[PDB]
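The chain below stands alone and is given as structure tokens, in the form deposited in one PDB entry.
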């Protein structure tokens, strides 16, 4: 039991598609900032917390499933929900938290510290701290600008270094001091642009699905990734103004290396796509989606790859990631995007471990 000799906390990422519990052990440096962070337990359950009926029976079953078999308890718990809960009004979220608070008060194995819905800006902060912690880039001042994207089911986040600016909302800027360094970040979350919510605007777009895929309205798929990408870009830019907001900022604050977490890691590591070195380019991602999915005959392809419940969406998802990164953020189609291997189960929760001490 590592928690007899080190500080441990539990952090639950309560996202739109499920909840992932992590238990972390760590030591602290002489500023009481965590160091030597190790994940000692990880469990994911489905569906998302926001998608269950908020009553005591259902919440008890859900929390028992998430927590009951953890090899360690008697530790502090942070339960932080993200865009799934942000899609609900505060009045509806309150019912979930009232029941969750009651569940924790009615037991003794867990010490609930906080249970709340965090803003997308906070989530973006945690995304950047978690990834940079993992890359070991937090220790000292960097030669390089490191940008992080988190591709979620309901929101997407982007975060990159930017000197503190009196022209940009305080909400979109975070200054931190960590390991004796001062770091100023631009943070942004686009609610509605996560893959599930985005996809609900394009399910009858033939260009977004393999040939003869049965669209819900009775028409047939006729896939073409550049065309599907153009459709998605209207949501990104005509509706959300992603390009107006992000591109002028990146033009002035070049990111040297991009890292992505979230769904893109699963897409890129699937049997349908082929990437080396856990990295992709948008050019290659679009081409692969276009040729390996959009221009294929659906029935034939479906029977060939029966083992992938995302298969049907791959023409759309490859098009959407390109529309987001290239047409939205302005990233060069040939720029390397590193993605964290899905086996790592890397999310923003290390950022919570780190941030409380800053």
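Numbering follows the first chain given and starts at 1.
If you average the C-alpha B-factors over 2-10 and over 347-355, the higher value belongs to 2-10. In this entry, 88-96 shows the higher mean Cα temperature factor of the pair 88-96 and 124-132.
Looking at 247, 233, 256, 119, the one whose CA carries the top B-factor in the deposited record is 256.
Across 192, 262, 71, 206, the greatest Cα temperature factor reported in the deposited entry is at 71. Looking at the C-alpha B-factors along this chain, the one for residue 303 belongs to the middle third. Ranked within its chain, residue 290 lands in the lowest third, by CA B factor from the PDB record. In this PDB entry, residue 229 carries a Cα temperature factor that places it within the lowest third of its chain's modelled residues. The PDB entry assigns residue 26 a C-alpha temperature factor belonging to the middle third of its chain's modelled residues. When the CA B factors of the chain's modelled residues are split into thirds, the value for residue 51 lands in the middle one.
In what follows, reference is made to the form deposited in another entry, a form of this protein that is not presented.
Looking at 151, 187, 118, 223, the entry at the hinge of the rigid-part motion between the shown form and the other one is 118, while the rest lie more than 12 positions from any hinge.
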